[PDB]
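> Dropping the structure in here first, questions after.
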Amino acid sequence: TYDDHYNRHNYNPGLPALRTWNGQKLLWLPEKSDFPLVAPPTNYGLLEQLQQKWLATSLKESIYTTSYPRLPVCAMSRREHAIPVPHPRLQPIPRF
Amino acid sequence: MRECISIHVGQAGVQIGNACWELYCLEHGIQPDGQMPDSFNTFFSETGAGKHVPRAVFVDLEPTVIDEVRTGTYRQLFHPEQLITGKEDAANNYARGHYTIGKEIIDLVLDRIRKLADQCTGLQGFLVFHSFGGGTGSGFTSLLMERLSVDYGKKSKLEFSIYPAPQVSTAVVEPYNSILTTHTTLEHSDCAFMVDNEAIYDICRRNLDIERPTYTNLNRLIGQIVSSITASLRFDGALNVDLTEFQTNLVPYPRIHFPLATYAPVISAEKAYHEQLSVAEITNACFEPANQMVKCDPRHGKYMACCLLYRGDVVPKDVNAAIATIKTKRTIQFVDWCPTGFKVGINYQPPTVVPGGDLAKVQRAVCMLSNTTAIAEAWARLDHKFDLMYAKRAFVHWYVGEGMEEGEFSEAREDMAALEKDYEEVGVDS
Amino acid sequence: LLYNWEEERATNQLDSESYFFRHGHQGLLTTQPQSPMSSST
Amino acid sequence: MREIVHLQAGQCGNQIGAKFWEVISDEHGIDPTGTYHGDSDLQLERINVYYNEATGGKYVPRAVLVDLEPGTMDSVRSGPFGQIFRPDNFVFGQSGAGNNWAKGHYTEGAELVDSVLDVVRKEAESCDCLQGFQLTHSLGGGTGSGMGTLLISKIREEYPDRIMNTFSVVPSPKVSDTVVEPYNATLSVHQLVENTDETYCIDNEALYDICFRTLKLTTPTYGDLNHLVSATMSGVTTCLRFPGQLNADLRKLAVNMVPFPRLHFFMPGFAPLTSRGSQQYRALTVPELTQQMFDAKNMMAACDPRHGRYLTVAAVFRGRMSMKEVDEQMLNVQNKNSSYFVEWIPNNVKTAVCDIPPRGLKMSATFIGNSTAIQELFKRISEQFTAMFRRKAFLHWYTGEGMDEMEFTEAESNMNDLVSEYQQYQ
């Protein structure tokens, strides 16, 4: 009921505006009579997660190899705020 | 910077707060993601990447309806810790509600309240949504009005609570827990609004023509009374209200604080264009006994203090020329201590319809939050049922076995003695 | 020509209705724009 | 040379003064961007009464704008006149008063007057010679009657020499908009008589009449009932601001009108009111103005003047005029209806003459008057009070914020003995 009324936004092939009052039975049915059942059931992405946990060469692995691999070449930090080195820093170049 | 943090608690509060916090998504530019593609700040707070996160607390002890909010598309808008989940219920009892199970999820609520109000620079009160007849809202809310009236003290508090239905009832032990949650609210609250579950099935059959409606067919109707009560902070207008304008103009006395709600324009989509919605008829809808949201007649009793929260084309002239004929008639009675009687508030925004709703687009909406002495009849039928099973001591053994005694039985009846003693003395004329 | 026929018909040519006229209407003045700069003492 | 300090409070006030401060912008030729673009040169003569000077020729007012909630002065800045009102002159609170007196008079509006009084005492000593004061405020609400009566109380404690005037928005006696009107309006008129000299009582029930039967508008707002209230405000000072035949200031009609310290509750008016559609069939002359303002259906409070006798009656005029024809009209309204005045004053009518009519008019006048049939503006509130005091109807609000019942009990012994002076002379 949450997935149909809230997230789903309701029935699609039905009458979007019309509610027609019929002859014999005294009733405004074509909104009430549907009781929506459109489309697939409530899928939200849990069979995916448990399926990658369910279904499975690293059995023989030291943690230093798995937990410490080579990181990518582009994740390296840019040093935005660093004293520029083109002008040499103040250093006691008198060796005394 | 005039924020409001509102509390929904229980099985009802997540059923209502799913359909109460859906207008606040819809009438601002708020996606159910949380994004916008500044009146929203009373319910939505900026983050450093455009994301709006709300400021309400939803509590239920059984996690069986809260996890439905976590399934759908109402998840990224809400905050992960802002929704408190236990593992078991309280199972239609006040002892599990107030003593045992209410004592472990009570210190996880108050982390978030004390983090909410310490970012709210303009909070003016509290708004509560709890069930008299369940296990959580009877008890977990009953602890909070004991617990929040010592921490934050003198702040305003109001509740739109779900009263038991008068002729039909669902769970049988309710004339215990409905009486038992009453000695803990008359001195720890300020304005107790009541709505009914059966009394709106009548409304959707005679005003709307929809037979056999759902809770979510009754959740959006009560969900628009709420948007006509926050309708003063939220928008602009001629004369504006706040949470201290309500009870200073509605509750007279310390212990009679039980008003009654009524919402005027209820009509289908198709039948609206064949009928004239003048301001005379909209103010002559809430004074009919077939429009009240409880099953009571005001013809027995006497009005004491009223209210009117208009929207849209108020045109104060023709409103003033419409209250002036209500004062004429002898069918509508009052008590001589209130010769003024009324209140008018105004907002400019006409109300907004949801997709797939059952009401139409109406340009003029009226809520009438008035108190009457004819709730004192309605208390008695909920108070007649008590000694009809205390005499046999019918269901009493569920209560001693979770901390309470039989003395809470002996006084909660005696509190209803002097409450209904008070209403007979205020309903008498000078 | 219902109730109030003449004035409501006449005023529109010389002059969201409540939202537009919430600041007011030019009631207590003539339709002419300016009668200032009278050196009339 | 004789400036005016203006006060405002409530949200009832700040819709009216927002409409008061635009006819001053109309008559002095002030555009809504702070400069001046009027074609005259006499309009620029005494600009200093309402328009302080700055750089660039900018003229920004002597305005004070106060409320206890931020929700109202957002809209005053968001009106048509945003750039003119001073940003340092929006004193604000956080919590609305909510139709209660001690929320503004003793607790939350009381902690905030020390920031309003900083604004005034800096500003009022920037005037070279102030004439006095004026207030438009709510007796109906919790901020105007609660907080603003302190500002009538505490500023008069500073300078007792100047003149207090009040464009009081008194409640209607028939249809009421708040269930605590017989407390906030009852208690507010306990401190008006020791403190305030000019009291103009205004009713909306009296003004819903006038914009229907006289101006012929089927859909009236507040903003077209605010302008007639905003007409009579600039319709008082017509002679101080401009030259003419007989100038008069706000001490000159507080001497001709009020023979006693406690008989000073005025009754306002405005003369030239005719429909919008039929404006050009009337002849706007001297007999047309006087025949309207001497009637009951041109009166801005909701009491019929025929049930009593006026003690004193003021006036003012504007526009090029022939002074003998008014002098024939003022004796006729003292010779014909001689039963509608008391016999123990010789002269009861005052007049004063400007020179330049408003933009779009030719002949203007404004009616100010003492009358002892204002008892029915106060006996209805004073009989509403004891019908709920005896049932103790709302006293738990008032006791739980720093009041007594002895501050309640004496607030009708003032209100009874006020009427117990007006009764003898009529």
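Residue numbers start at 1 in each chain; chains themselves are named A, B, ... in the order of the structure tokens; ligands are numbered from 1 in the order shown.
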Using only C-alpha atoms, which residues sit within 8 Å of residue B:14 once same-chain residues fewer than 4 positions away are excluded, as a list in words?
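Once the nearby chain positions are removed, what remains is residues 8, 9, 10, 18, 58, 59, 60, 65 and 66 of chain B.
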> Specify as a VMD selection string all residues of chain B found within 8 Å of chain A, counting only C-alpha atoms.
chain B and resid 68 to 69 71 to 74 209 to 210 270 355 to 356
> Please identify all polymer residues within 8 Å of stretch 5-19 of chain D, counting only C-alpha atoms, omitting same-chain residues fewer than 6 positions from it, and present them as a PyMOL selection string.
(chain B and resi 239) or (chain D and resi 62-68+72-73+76+81+124+130+132-138+141-144+147-148+223+226-227+229-230)
> Find the spatial neighbours of stretch 330-340 of chain D, counting only C-alpha atoms, within a cut-off of 8 Å - ignore same-chain residues fewer than 4 positions away - and output them as a list in words.
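My list of contacting residues is residues 306, 308, 309, 310, 326 and 349 of chain D.
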> Have a look at atom CA of residue D:358 and atom CA of residue D:293 and let me know their distance in Å, one decimal.
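A separation of 18.0 Å between them.
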> Restricting the calculation to only C-alpha atoms: of D:89, D:414, D:99, D:75, which residue gets closest to chain C?
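Closest residue, counting only C-alpha atoms: D:75.
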